[PDB]
Structure formats: structure tokens, C-alpha cells
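In C-alpha cells, the next block holds one chain alone, the form deposited in one PDB entry.
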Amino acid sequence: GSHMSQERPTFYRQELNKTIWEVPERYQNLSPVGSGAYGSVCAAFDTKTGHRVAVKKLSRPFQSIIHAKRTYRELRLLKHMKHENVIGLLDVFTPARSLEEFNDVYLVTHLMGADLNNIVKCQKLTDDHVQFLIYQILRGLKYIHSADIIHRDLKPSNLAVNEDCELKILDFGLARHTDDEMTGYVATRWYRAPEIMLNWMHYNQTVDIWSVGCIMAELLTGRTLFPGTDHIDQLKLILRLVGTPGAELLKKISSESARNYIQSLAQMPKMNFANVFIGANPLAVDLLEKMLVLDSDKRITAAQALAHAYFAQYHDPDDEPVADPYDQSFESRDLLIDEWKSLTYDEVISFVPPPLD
């Protein structure tokens, strides 16, 4: 038996954050929470499940061809990610009755309550919290990478945490397929892998591992590991810890006109990690040493990291699932702005509500 017919939900309008929000009657009790450059966010009561959700309104998704393509890609990635430690798409909708009426896009996700920044300011985390937090990031990351995707912007504000210390990776705005000639700018300075900052090489998924290292270091010490004030300070901060790279490694990671500058620097050896993270669990220190290396070919992977002894209390190889490969073929097409928009419209319309369990 098949459905011949579909019933559009009933929508209602109200003013929130200086604009009219128009959402299905399914969502009630909307109130603003978050503000960002691209879309305002409201908490809401999801009458379908009885749980609180975040509703993000996108009003500039197709402003330009660049915006439009990025919106399409991001929605496909969002629709793809189904994993406990990765943000899921509970719903996506538009009030538009047709493609011609289409502009605003609303995304609905779980409302977590805090991000990792919040958590850090409110406590010094125990080694157990750290184990469990980083473990979950890595479990989510193994899944994301197995989809052939690089997150590219892991940082505390992109990590949602609840009261029970459960975590989800947020924000796929900058995420890309590994095989891309990378577009988009990762603006985050403190958590960004050196090879990305140098903008010289086609980098790999281990850029996200670097980020995890910076985050873990920060959870252990209670302060940002590499809080550079600019590109130069950021570099010197990093080389101080990890030691200046051999000449060979240099060739691959920087342009000559950068390579030359680096060499211009006073050379420094790799620091003793135990002294930087004094009183940290020795296993944690060992793992940091495997993450925070300049050579991306030697950097430990997510799947490897999960099997590291530091996670012995949590590691379950039978419960660390992988994804289907993401198909990025449409993103090689050269399309006009309206065509990227029509494609996005298709993705919104074809959205399949997750089952209730």
C-alpha cells in the first residue's frame, strides 16, 4: 500500500527577533536563544515528541550563487549525518507552497543546552569528564570521516553538551568532501590545523584531529593551548610546543614565500609534553603527543585514537558505527543560482521525518 496524497501542515505566523517567523503548528512556545550572522535561532516545544528543539531560520540561503551552492551542500550533509554524537536534522521546512514562492529555509535540530565553552567556564573537568567528552567527539568524528567528509571547524562552540555530559558535533557549514579543491574560509584561528592556516596544501581529514588535540589540551589545562593574536603569533605558539619542522616537511606545507619566513625563525625542539600538562593522566599526554604533530601523514586518526588506552573505559569497537559514503557528484556541476535553489528545494521536499522510537 502506498500514499497517493500528501497533506501540507498548517503554518502560523508570529513576530520573533524582529521578523515574522512562519512555522508548522507542530512547533509551539517559540522563544529566541541564539544569534549569529546567518540565521537566528529559537527554542521551541516540539509537540510531535514533547521535547524541546532548536529552530533555525535561514533568510539568505540563496543570496548569491556562492551562498546557494553552499546551502545546498550543507543541507545534504545535514540530511546525511545520523549518529548519536553528531547533530541530526529533525525537520526542515519552508512556508512556501511552491518553488516560485520559495526563499526561507528553517532547520530543526535537538536543543542541547550548553556548548563546550560553557562547560569549561563553569568547572575544572575531571579526567573522567575529559575521557568521556573527547571519546564522544572522536566517536562522532570516526563517523563523519567515514562519510568522506572533513568537518574543518571543530572548536568548543561547535560542540553541544548536556547535563549528563553527552555531546554532539555541531555545524556543517564549512564541512567538505575530502576530494574537493577546498572552498570556503575557516576563520577559526586557535583550533585550526597549521596546514590549513598556511593555505598551501590540499589537506586531509586529520586537520580535524589537530582541532581535537587543541580542544583536549584546553579541557585538561583550563586555558586555550594556542591563543594566537594573529597568524605569526599562532605559528610561533605552535612551533614552541611541537618543535620546528624538518626542511622536507616544510616543502609540502608552506609556499616558498612562507617556508622562507619560517626558516627565518629561531629553531626550537619539540617540548616535553609532560611538563606542559603536568598532573594530567599520562595516557592523555601520550594521546595529545599523537594528535599534535605537524606532519599530517603521521597524525593519529579518529579510528586509531578510539583504540588508544586513554579511552579504555569507554571504547567499544562494536558500538562505534560508520557512515555511508557521501555522494558529492552534483557539486561538480556548474549551475546558476536558481538551479542551486531548485536543488535545495528538492532536498527540503524529499525530507524523510526520522521515525519515533
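Take the two forms, find the largest set of C-alpha atoms that superpose within 1.5 Å, and that set is the rigid core. Start at 1 with the first residue shown and count on from there.
Not on display, but discussed next: the form deposited with a small molecule bound.
For the three marked residues, 54, 81 and 112, a heavy atom of each sits within 4.5 Å of the small molecule in the entry with it bound. At a distance threshold of 4.5 angstroms between non-hydrogen atoms, residue 307 is out of contact with the small molecule in the entry with it bound. Among residues of the shown chain, residue 105 is not one whose heavy atoms approach the small molecule to within 4.5 Å in the entry with it bound.
Shown alone here, residue 74 lies within 4.5 Å of the small molecule in the entry with it bound, counting heavy atoms only. Interface residue remark: residue 41 is counted as part of the site for the small molecule in the entry with it bound, having a heavy atom within 4.5 Å. Once the core is superposed between this form and the one not shown, every option in 88, 243, 246, 282 stays below 2 Å in C-alpha shift except 246. With the core superposed, residue 229 shows a C-alpha displacement below 2 Å between this form and the one not shown. A displacement of less than 2 angstroms separates the C-alpha positions of residue 320 between this form and the one not shown, with the rigid core held in common.
Superposed on the core, the two forms barely differ at residue 107: its CA moves less than 2 Å between this form and the one not shown. In the entry with it bound, the separation between the C-alpha atoms of residue 251 and residue 229 grows by 3 Å or more relative to the displayed form.
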